[PDB]
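A.B. asks: Handing you a structure now.
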Amino acid sequence: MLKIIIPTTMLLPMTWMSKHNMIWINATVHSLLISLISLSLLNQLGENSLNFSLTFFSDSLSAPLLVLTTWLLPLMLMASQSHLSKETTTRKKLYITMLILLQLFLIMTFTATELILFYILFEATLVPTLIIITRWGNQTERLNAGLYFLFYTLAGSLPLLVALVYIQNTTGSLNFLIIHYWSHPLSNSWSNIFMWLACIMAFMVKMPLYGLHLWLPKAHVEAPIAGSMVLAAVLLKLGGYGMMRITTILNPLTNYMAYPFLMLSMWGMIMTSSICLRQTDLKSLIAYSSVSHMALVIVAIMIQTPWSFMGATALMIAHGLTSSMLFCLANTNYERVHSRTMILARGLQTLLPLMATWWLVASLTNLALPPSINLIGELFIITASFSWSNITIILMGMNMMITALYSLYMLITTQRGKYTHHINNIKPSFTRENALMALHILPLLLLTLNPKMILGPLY
Amino acid sequence: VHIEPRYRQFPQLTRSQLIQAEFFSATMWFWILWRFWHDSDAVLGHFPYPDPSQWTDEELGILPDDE
Amino acid sequence: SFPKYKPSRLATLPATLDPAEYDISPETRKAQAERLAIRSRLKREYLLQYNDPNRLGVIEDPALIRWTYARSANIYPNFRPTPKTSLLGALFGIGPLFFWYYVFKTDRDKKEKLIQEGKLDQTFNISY
Amino acid sequence: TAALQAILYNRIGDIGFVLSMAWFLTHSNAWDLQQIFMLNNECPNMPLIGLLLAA
Amino acid sequence: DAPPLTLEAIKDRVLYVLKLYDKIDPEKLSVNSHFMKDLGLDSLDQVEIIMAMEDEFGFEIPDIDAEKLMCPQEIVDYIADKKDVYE
Amino acid sequence: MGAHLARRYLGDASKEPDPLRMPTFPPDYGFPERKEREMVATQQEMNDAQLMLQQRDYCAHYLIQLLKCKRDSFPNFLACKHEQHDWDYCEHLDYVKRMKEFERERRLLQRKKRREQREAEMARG
Amino acid sequence: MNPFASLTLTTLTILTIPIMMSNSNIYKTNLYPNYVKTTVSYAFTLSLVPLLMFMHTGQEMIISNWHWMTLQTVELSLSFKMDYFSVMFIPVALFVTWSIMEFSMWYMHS
Amino acid sequence: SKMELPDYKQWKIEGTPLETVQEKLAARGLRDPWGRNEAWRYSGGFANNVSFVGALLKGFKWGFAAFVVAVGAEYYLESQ
Amino acid sequence: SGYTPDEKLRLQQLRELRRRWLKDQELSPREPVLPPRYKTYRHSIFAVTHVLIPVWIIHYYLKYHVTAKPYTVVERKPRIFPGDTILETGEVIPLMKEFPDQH
Amino acid sequence: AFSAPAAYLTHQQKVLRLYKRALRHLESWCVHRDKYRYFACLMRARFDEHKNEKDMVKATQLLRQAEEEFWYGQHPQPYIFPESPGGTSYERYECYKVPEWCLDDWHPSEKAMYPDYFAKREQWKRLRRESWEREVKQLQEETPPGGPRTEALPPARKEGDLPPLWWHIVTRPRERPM
Amino acid sequence: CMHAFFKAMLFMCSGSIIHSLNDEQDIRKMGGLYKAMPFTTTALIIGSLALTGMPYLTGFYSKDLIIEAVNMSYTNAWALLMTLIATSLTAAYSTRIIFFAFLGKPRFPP
Ligand SMILES: CCCCCCCC/C=C/CCCCCCCC(=O)OC[C@H](COP(=O)(O)OCCN)OC(=O)CCCCCCC/C=C/CCCCCCCC
Ligand SMILES: *P(=O)(O)OCC(C)(C)[C@H](O)C(=O)NCCC(=O)NCCSC(=O)CCCCCCCCCCCCC
């Protein structure tokens with residue numbers, strides 16, 4: 001994994017030694033090169049994972065997330081160069097450095113072979129994100145959003161650290177291969193119940209679980225465009241990856257401790273879709289859509305079947321791409337009119353045609369339209385939940401109906417209708433914005449063409 | 001063909017559309033009459049419906065009540 | 001005479017059938033004039049800013065800002081824990097959870113009982 | 001409004017369709033007509049009502 | 001599709017309708033004659049005239065605007081302005 | 001539709017036949033010597049012709065002949081009138097046999113009612 | 001090879017063809033409606049041919065040309081069931097669409 | 001081009017149901033002044049119209065003749 | 001009840017301005033200044049490409065790739081009637097028995 | 001839509017609007033022209049019967065009774081003109097209406113494609129920019145110190161002036177833009 | 001198949017009427033089109049006759065068999081009665097369309 005880690009640690013000096021007018025060009029070009037290099041990890045084995053060394057390893061679950069991170073970095077660079085034109089050169093370099101550090105920590109997190117190193121890195125992802133939010137956010141609420149995000153995540157994660165050190169003391173190793181080959185059943189006792197609670201609650205807060213999600217609207221709405229893109233695409237997937245990795249040793253206690261979390265996830269998925277139906281803010285609408293999708297992923301992981309894990313992985317990748325695209329579209333419209341109210345700007349279908357096409361495609365992918373990988377993952381999760389029980393179909397159907405309703409409501413409100421009469425600063429869409437949308441959408445359709453690359457180890 | 005608009009008057013028609021409408025209506029009625037002539041059993045039926053009250057107990061296998 | 005029309009919540013009373021429209025006090029006319037004056041002042045401000053040749057941007061709407069602020073940020077500071085709020089919150093945030101837990105637990109208990117008794121049609125059920 | 005209404009009603013139909021698809025996969029290990037017809041010698045109410053709702 | 005309207009066509013059609021009205025003598029009817037002052041009609045007659053023009057031209061004139069159309073020339077100008085007729 | 005529905009519903013269901021339970025009497029009850037129905041087409045022939053299982057009744061041979069005639073004279077889709085009429089006539093005969101069965105069931109039921117009424121009267125006397 | 005599968009898949013592909021031409025000067029000009037209508041008519045005739053094939057011998061087939069993915073013991077592949085229903089509905093739908101597209105060339109001129 | 005409106009003096013309610021309406025109103029003591037403006041519809045080429053049964057028999061005249069000719073041709077061909 | 005003099009004057013002025021604006025909206029004889037840069041023949045060129053090339057590609061794909069793995073293309077077995085000739089083995093499927101003919 | 005509304009509807013305006021609405025719904029009921037003419041003449045006879053009334057209280061009572069009768073007897077599916085708010089062709093062309101501020105963002109090549117139109121557009125823009133100060137001064141001169149009590153706007157009181165707040169009224173998109 | 005044919009033709013005739021009468025979709029405003037528009041009139045009459053089950057048109061070979069199967073099967077009595085009433089109401093609304101669109105005097109703008 002050093003052939004991918006070291007190029008980022010070289011991107012840092014490149015950013016800090018480039019000329020003032022070439023920082024964005026250099027960062028984008030070399031981020032795309034690093035993504036191309038990281039595409040090699042998709043060649044996975046059918047029996048075991050790719051164990052590079054004693055510290056880093058790659059799996060059919062880690063590879064798509066790493067590729068998504070490496071592909072997402074240049075898009076964040078494009079959006080940031082859009083909205084940071086008046087900043088000084090030093091602050092531009094600092095912003096690029098924060099993005100690079102976040103990507104490096106995410107790569108090391110997804111490739112870490114030991115639970116304690118994984119914990120250290122996935123906690124280290126907070127600092128660049130908090131700095132980005134609380135420093136380059138636009139509104140007054142960025143400080144409160146950062147506080148909420150940081151303290152929710154840390155209150156979740158500290159008992160996870162205690163549980164990890166206790167597991168190390170009890171068993172002798174936190175290496176994932178060792179804890180998988182030497183896994184032993186977890187007897188039904190209060191101590192095991194609380195260990196299960198510590199681990200699962202940390203990752204549920206990271207997911208986020210319904211009832212533990214307020215930090216997500218707070219942070220996503222108030223963060224800059226790059227922060228919003230990375231929060232939804234990758235940082236939300238740390239919880240799912242951790243739960244997939246950590247549930248090896250939690251059986252058979254997961255068969256009994258999953259009921260409250262399953263009920264919370266299903267009913268909160270319904271509730272957050274309904275909230276999306278009546279949202280006066282576009283970023284809030286997208287954030288609650290993210291909450292619903294991650295609640296579905298939580299349901300899949302908790303029911304814990306080979307068919308659910310594949311759907312969970314596919315839904316994670318598809319939701320990451322779709323949420324990044326939706327946040328980018330909302331940011332473009334915000335840069336037009338300097339306000340996040342959804343009904344302020346209308347008639348954008350007749351004011352900006354190709355951007356309306358991008359909106360339509362993003363909304364179509366947001367709802368499960370076949371044969372998109374969104375639909376593939378959602379359908380796999382729905383079928384696994386149907387096998388689990390036969391009223392999960394009722395809940396999933398209600399969620400799908402409300403999902404289509406709010407997606408098309410957002411599309412119609414933002415695009416259809418008649419344009420606002422007094423808004424006359426909506427310039428034609430930039431080549432940069434259109435290229436950003438194209439780079440968001442085309443990989444989604446290519447992954448639809450080749451679906452087995454994002455179905456996880458269980459395929 | 002250029003058709004001038006009329007004001008409060010019957011519109012200008014064309015011999016082509018007149019004869020086409022007449023031809024297709026005549027075609028429909030000719031087809032209906034021709035079909036009713038040849039296979040009339042498609043409307044009136046072909047096989048008589050038996051009257052079960054006229055079937056005898058001998059052929060229906062019903063013995064005398066006293067026996 | 002003719003059957004009466006009963007207004008509802010989702011089918012309101014028509015203006016022509018409102019009894020208040022046929023009992024017009026001189027105070028009502030003054031109130032209507034005041035409302036028209038308020039609307040005219042707002043319309044004049046909007047039209048001036050809208051027809052200004054040098055304006056390039058969005059005319060900020062304080063009413064829209066107040067609406068979006070009240071819908072989002074001004075809810076919690078004005079929330080007081082009352083019996084009505086407590087009961088509604090408890091119901092709408094707990095009852096569905098326990099209801100679905102009961103439903104799914106009963107369903108899974110029946111399924112497990114059938115599996116243990118060995119009289120459940122599990123043939124061809126390969127994928128799970 | 002008409003477009004969104006059509007989407008809503010067809011999405012309830014899709015709820016039924018997804019119910020039928022999930023039942024067929026779980027109880028027949030296939031999503032194709034050949035194996036569905038082979039294995040379902042007496043098709044049950046849940047998949048058939050799902051199909052009816054979708055239709 | 002349809003041929004465009006003209007000021008002359010609008011005026012001819014409105015005068016046609018008004019001359020087919022039986023409470024107006026066509027000889028003393030001109031494009032500037034007022035319905036009330038110099039034609040001798042009343043509010044109900046004006047409402048009927050506006051409804052007749054709505055039927056003639058296939059579009060509805062709102063009641064707030066219909067009350068002020070007191071002249072055939074005013075009706076012509078209103079209809080031309082709404083239909084974007086400039087020649 | 002029909003008078004039988006009226007008789008059974010607004011009347012004596014005991015004297016009217018049950019369509020789901022018919023026949024309720026032995027096939028030879030009243031028939032001293034009764035002949036089994038003759039099937040012309042064999043199971044292998046019907047399977048090769050791939051007749052629908054709804055179409056594999058006692059009139060299957062005429063259907064097979066009609067299909068063979070239709071396949072051979074493809075462009076002339078009006079050359080199978082005789083075969084179609086033969087198949088329809090066989091189906092008509094099958095239907096009138098079913099009608100005879102219904103009528104036999106009805107009159108046997110009312111005969112049984114008369115017999116049991118007479119026996120009850122004899123016991124009462 | 002039997003012309004059945006080839007002709008059916010060809011009708012479907014030639015239906016798809018004018019969409020690939022939607023990023024061209026023909027899509028920019030005013031010949032696109034007539035182009036689409038002509039393509040639909042050609043597809044209609046090319047689909048009438050397998051209907052003639054079925055009306056004679058009653059041929060029905062399934063075409064699982066491309067294998068999409070194998071989910072453990074469940075294989076999903078791009079399969080087309082060319083049976084009586086398909087070979088009878090396709091020519092009717094194509095005929096109706098051809099007529100509708102010409103009527104739309106007249107009706108949607110403006 | 002430059003269509004001309006037909007002379008307005010030709011529109012008369014006479015011979016049309018509007019005259020019957022006018023007679024009823026006169027018996028009531030009333031009059032309708034918009035008689036002619038509606039009377040354009042009842043004259044010209046719209047004066048004669050077909051009933052519903054007549055509309056369905058639009059091509060029955062020629063259809064029956066063609067059917068008779070075809071039946072005769074078929075009979076003659078069958079005979080010889 | 002009618003236009004006030006101010007309303008009528010403003011309406012007249014606005015109508016004049018609107019008509020002038022529309023007249024200006026009218027184009028010029030040379031206005032779209034563009035930058036420098038048989039029926040059977042068209043039917044034949046369309047038919048060869050749009051029909052001939054795809055059918056060639058599809059037949060090549062089916063004959064040599066799709067019909068190279070088992071069960072990809074499965075034809076329903078032909079219907080066999082009595083009194084027929086099976087072509088593969090030169091077999092004679094025999095006739096049915098005599099019918100109890102009615103009239 | 002072109003007239004500024006008043007603070008209230010007078011009794012005459014109310015009864016005239018009721019008359020027109022009742023005639024329209026009666027025409028919806030009486031499809032045929034002669035029948036509609038007959039019943040419309042009867043309706044106008046009723047209105048003439050109640051035309052002269054010295055007691056305004058009784059006139060208002062009669063108006064209320066007539067409104068109740070109309071609401072009971074209205075056509076559930078009345079005729080609406082296609083361009084009217086309830087019509088089938090209402091707001092169909094609102095997506096084709098594009099403004100001149102969108103127009104002025106064109107590329108120089110697109111502008112050069114139409115040389116003569118943009119010269120007149122620049123003349124219009126100069127006319128707009130040379131009159132705004134006069135328009136706003138005229139508006140603030142005539143309005144009362146309290147503020148505008150109605151939405152009416154004044155004409156141009158001078159020979160070299162344009163009526164204030166005219167740009168969007170004059171340059172509103174055409175009824176059939178594309 | 002049969003319904004596709006004749007219902008598509010009926011909708012096309014309705015669209016032709018709408019386009020001729022300047023986007024007017026009200027039968028209360030249509031009228032006189034029997035002679036105003038001959039070809040669309042005869043096409044709509046043929047379509048309505050086929051829809052209602054003219055004894056030898058396209059709709060006869062499906063609707064008549066459907067009705068016979070409904071009558072001759074072990075069906076729900078209420079379902080059978082509602083099917084018959086629906087057939088009668090089909091004839092009724094076809095009559096309404098023809099009567100208010102083609103017969104009588106014009107009601108469209110002059
Ligand atoms: C299984 C899941 C549950 C299924 C039923 C749940 C129904 C939930 C209703 C959805 C809530 C709506 C959220 C927002 C939707 C969009 C807002 C909206 O109301 O749309 C307005 C729009 C406008 O109405 P118009 O008649 O067109 O008038 C226009 C006048 N200008 O109205 C609609 O589109 C709403 C239509 C759906 C409403 C609900 C109706 C569904 C209820 C029927 C369920 C029973 C089905 C029985 C099954 C029978 C087959 C076995
Ligand atoms: P012009 O300014 O001359 O107008 C004269 C007016 C009417 C303004 C008078 O000056 C006036 O105000 N007169 C006194 C007030 C008055 O006339 N009140 C009574 C009028 S309302 C009335 O009489 C209506 C009764 C009949 C119509 C009722 C409508 C109900 C039928 C509709 C059915 C729905 C479908 C047909």
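For the structure tokens, the naming scheme is as follows: chains receive sequential letters (A, B, ...) according to their order of presentation, residues are indexed from 1 within each chain, and ligands are indexed from 1 in presentation order.
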Select the residues contacting ligand 1 at a distance of at most 10 Å, based on only C-alpha atoms and all ligand atoms, then format the selection as a ChimeraX atom specification.

C.D. replies: /A:274,277-278,393-402,404-406,408-409 /D:1-9,11-16,49-55 /J:86

A.B. asks: Find the spatial neighbours of stretch 169-174 of chain J, counting only C-alpha atoms, within a cut-off of 12 Å - ignore same-chain residues fewer than 6 positions away - and output them as an NGL selection string.

C.D. replies: (:A and (421)) or (:C and (47 or 50-51)) or (:E and (81-86)) or (:I and (10-25)) or (:J and (2 or 93-103 or 121 or 124-125 or 128 or 162-163))

A.B. asks: Report as a ChimeraX atom specification the set of chain E residues whose atoms approach chain H to within 8 Å, with distances computed over only C-alpha atoms.

C.D. replies: /E:16-17,19-23

A.B. asks: Can you list, as a ChimeraX atom specification, every protein, DNA or RNA residue that comes within 6 Å of residue I:74 when you count only C-alpha atoms, leaving out same-chain residues fewer than 3 positions away?

C.D. replies: /G:61-62 /I:71

A.B. asks: With only C-alpha atoms as the counted atoms, please give the residues lying no more than 7 Å from stretch 52-64 of chain B, apart from itself and same-chain residues fewer than 5 positions off, as a PyMOL selection string.

C.D. replies: chain F and resi 30-31+100+103-104+108

A.B. asks: Write the residues of the selection above to a file with C-alpha atoms, as a short mmCIF file (atom, residue, chain, number, x, y, z; two decimals), in the first residue's frame.

C.D. replies:
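Result saved to again_30.cif:
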```cif
data_model
loop_
_atom_site.label_atom_id
_atom_site.label_comp_id
_atom_site.auth_asym_id
_atom_site.auth_seq_id
_atom_site.Cartn_x
_atom_site.Cartn_y
_atom_site.Cartn_z
CA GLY F 30 -79.70 -46.87 -13.16
CA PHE F 31 -77.46 -47.97 -16.05
CA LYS F 100 -76.85 -34.83 -19.60
CA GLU F 103 -79.74 -33.33 -15.67
CA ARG F 104 -79.28 -36.94 -14.52
CA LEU F 108 -81.74 -38.56 -9.35
#
```
